[PDB]
Amino acid sequence: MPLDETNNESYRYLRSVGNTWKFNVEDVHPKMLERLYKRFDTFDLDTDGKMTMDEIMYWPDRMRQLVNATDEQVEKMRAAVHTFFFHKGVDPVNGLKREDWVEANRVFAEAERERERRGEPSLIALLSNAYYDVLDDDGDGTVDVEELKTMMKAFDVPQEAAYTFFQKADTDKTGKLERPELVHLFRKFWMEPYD
Ligand code: NI
Numbered sequence: 001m002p003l004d005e006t007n008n009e010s011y012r013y014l015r016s017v018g019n020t021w022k023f024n025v026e027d028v029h030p031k032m033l034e035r036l037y038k039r040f041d042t043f044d045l046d047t048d049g050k051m052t053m054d055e056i057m058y059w060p061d062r063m064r065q066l067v068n069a070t071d072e073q074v075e076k077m078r079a080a081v082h083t084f085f086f087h088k089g090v091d092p093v094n095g096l097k098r099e100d101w102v103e104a105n106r107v108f109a110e111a112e113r114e115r116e117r118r119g120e121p122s123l124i125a126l127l128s129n130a131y132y133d134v135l136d137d138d139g140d141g142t143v144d145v146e147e148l149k150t151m152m153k154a155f156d157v158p159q160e161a162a163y164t165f166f167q168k169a170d171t172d173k174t175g176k177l178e179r180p181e182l183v184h185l186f187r188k189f190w191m192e193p194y195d
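Numbering (UniProt numbering), first residue to last: 1 to 195.
What follows is the structure, encoded as structure tokens:
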């Protein structure tokens with residue numbers, strides 16, 4: 001029933017490197033509780049209180065429909081999404097229960113911090129750089145605001161949210177999100193509190 005190294009990849013990883021981190025729900029702010037549960041319920045397509053990989057993969061598959069990405073780009077995105085949500089606690093067999101979702105998110109965040117400290121690759125960056133190429137339907141090597149709006153549409157976010165996020169991440173002022181700026185955006189969208 002409770003998350004640990006036997007049923008959650010992020011606990012598995014922390015314990016493998018001696019990280020003693022423990023979850024305390026009192027640490028999670030109300031905004032983040034609100035956003036996490038809303039994300040769960042949006043992802044939980046059948047409203048059974050469980051998140052499964054099949055439900056998670058509906059969204060990148062909708063992204064694929066809205067662009068014309070290469071088969072290998074699409075396969076990189078599929079792989080990245082699978083790895084990301086596995087490390088977020090979505091067992092490919094057991095899924096993940098609503099009541100463990102907040103905790104699954106917070107142990108994943110500690111595991112990304114441990115990775116950072118250890119110079120190991122960020123899984124958020126992996127997810128962002130795989131989506132990058134799929135979003136870049138132009139072929140121009142970058143993501144422009146229309147390319148980001150398409151992502152909003154695939155995710156049932158109103159296409160006007162794109163202008164906000166884009167402005168905040170294009171600190172370059174290039175009119176494009178280069179790969180570090182989409183990382184920045186994905187770190188917020190998929191983990192960190194909004195500033
Ligand atoms: Ni940044």
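Each residue gets a CB set at the ideal place from its N, CA and C atoms; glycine is no exception.
Item: Closest residue to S128 among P121, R179 and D172 (Cα-Cα distance); Value: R179
Item: Start and end residues, alpha helix (DSSP H) containing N129; Value: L123 to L135
Item: Every unbroken alpha helix (DSSP H) within the stretch 66 to 90, with a cutoff of 4 residues, ordered by chain; Value: 71 to 87
Item: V145 (DSSP reduced to helix, strand or coil); Value: helix
Item: Exposure of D44, with buried meaning 16 or more beta-carbon neighbours within 10 Å; Value: buried
Item: C-beta contact flag for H82 and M53 at 8 angstroms; Value: yes
Item: Local conformation of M53 per DSSP, three classes; Value: helix
Item: Whole-number beta carbon distance between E114 and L14, since they are thought to touch under 8 angstroms; Value: 6 angstroms
Item: Alpha-carbon spacing of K50 relative to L3, whole angstroms; Value: 15 angstroms
Item: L33, DSSP secondary structure in three states; Value: helix
Item: Inter-residue spacing [alpha-carbon to alpha-carbon] between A111 and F23; Value: 12 angstroms
Item: Other residues of its chain near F189: CB distance less than 8 angstroms, five sequence neighbours each side excluded; Value: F165
Item: contact_flag[the stretch 65 to 77, the stretch 119 to 138] where n(CB pairs < 8 angstroms) is 3 or more; Value: yes
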